Structures are given as C-alpha cells and as structure tokens.
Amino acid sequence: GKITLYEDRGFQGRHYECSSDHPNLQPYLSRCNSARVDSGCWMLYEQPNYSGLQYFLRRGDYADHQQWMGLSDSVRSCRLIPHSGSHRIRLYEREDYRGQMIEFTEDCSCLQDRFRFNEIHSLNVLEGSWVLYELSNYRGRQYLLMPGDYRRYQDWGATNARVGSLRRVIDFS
C-alpha cells in the first residue's frame, strides 16, 4: 500500500508518495518528520539504497519521527515489505547454521526467555518477513529479514550478533 512521507511533524509541509521500493528519496523529500501508511508494512532507511539505520512502519499515522523510533529526521530510502500469510524463522547459536537452534512462528519479545544465548550468529527465514531487534521488547537497532539464508550477522546488516527480540512483519488489518 501507499506510504506518504512528510517533511514536517503532524502531516505538514512538503510530502512524497511511494507505492513501491524507492532507493533514493533525496530529490523528493529533504527530511522526514511524519508519515502515513495506507496499508501494509514498510522499512525506512537512513541512507539511500536501503542502508544505514532501519525503521519498521506499518498501516497507520506517525505524527513525529520518534513514533517509529527514529533517531533523526533522515530518511533516504524505503522498502515495501512483502505481505506473507505465515511466518517461520530458525535462529542459530553459531555461524553457517551450526550449534543449537530455536524456531519461531510467532513474535518473541525476549529471546533470552527462550534461548540462553545473547547472540544469534546465523538464521534462516523460511516464511515471511521479520524485524530482528538488538534489544528485548522491540527496541534498539532494527534489522529487516526477508525470506532467504543468513549465514552470519553481517548478512542482516548488523556489526555484531546481539539479538533481544524479533517480530513478524504483519499488518493486523
């Protein structure tokens, strides 16, 4: 579904609409302090070409950048995250799918309540897209995971293997 990005807080100022991935918003949007998603789920990125800090948004109105946990008003690309009916992910203790593993089909608000490792060193996203979070309860750095293999933490864009929670990419509506 459509995303509309606004330069000022409270859905004011210059705005820009996207209906598909946009790798470089810079010509169209100088800063981003509010957003409306008409439906579905989007990942915002601080840098062009789907790099830098990532932020998960879904259907709804976001009146300030803090409402998507944004650290600033820098948004320079955005990805439409594919819908999935079902979700399934395997999280591994070690790189290259080695060591102990835990499998989820639902959100997990605290990984260490279920798996006694502070780090995940590889993962396989079997069904659906997910957001991996550095910290428990969906906080800290965010990493979008789409269906595919992730042999080490660098494959999800992280600089270390710290994981605290993970969330299915789902539109409730």
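One rule holds for the numbers: they count along the sequence shown, beginning at 1.
Residue stretch of maximal mean CA temperature factor, 143-151 vs 35-43: The entry gives the higher C-alpha B-factor average to 35-43.
Per the entry, higher mean C-alpha B factor between 3-11 and 162-170: Taking the mean B-factor of the alpha carbons in each, 3-11 is higher.
Residue of maximum C-alpha B factor among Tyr133, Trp130, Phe117, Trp68, per deposited coordinates: By C-alpha B-factor in the record, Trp68 ranks first.
Among modelled residues of the same chain, the CA temperature factor third for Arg79: Tercile = middle for this residue's CA B-factor.
Third of the chain, ranked by Cα B-factor, where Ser51 sits: It falls in the top third of the chain.
Chain thirds of CA B-factor: placement of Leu111: For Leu111, the deposited C-alpha B-factor lands in the lowest third.
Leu29, C-alpha B-factor rank within chain (lowest, middle or highest third): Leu29: CA B-factor falls in the middle third of its chain.
Relative C-alpha B-factor of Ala63, binned into the chain's lowest, middle or highest third: It belongs to the highest third of the chain when residues are ordered by C-alpha B-factor.
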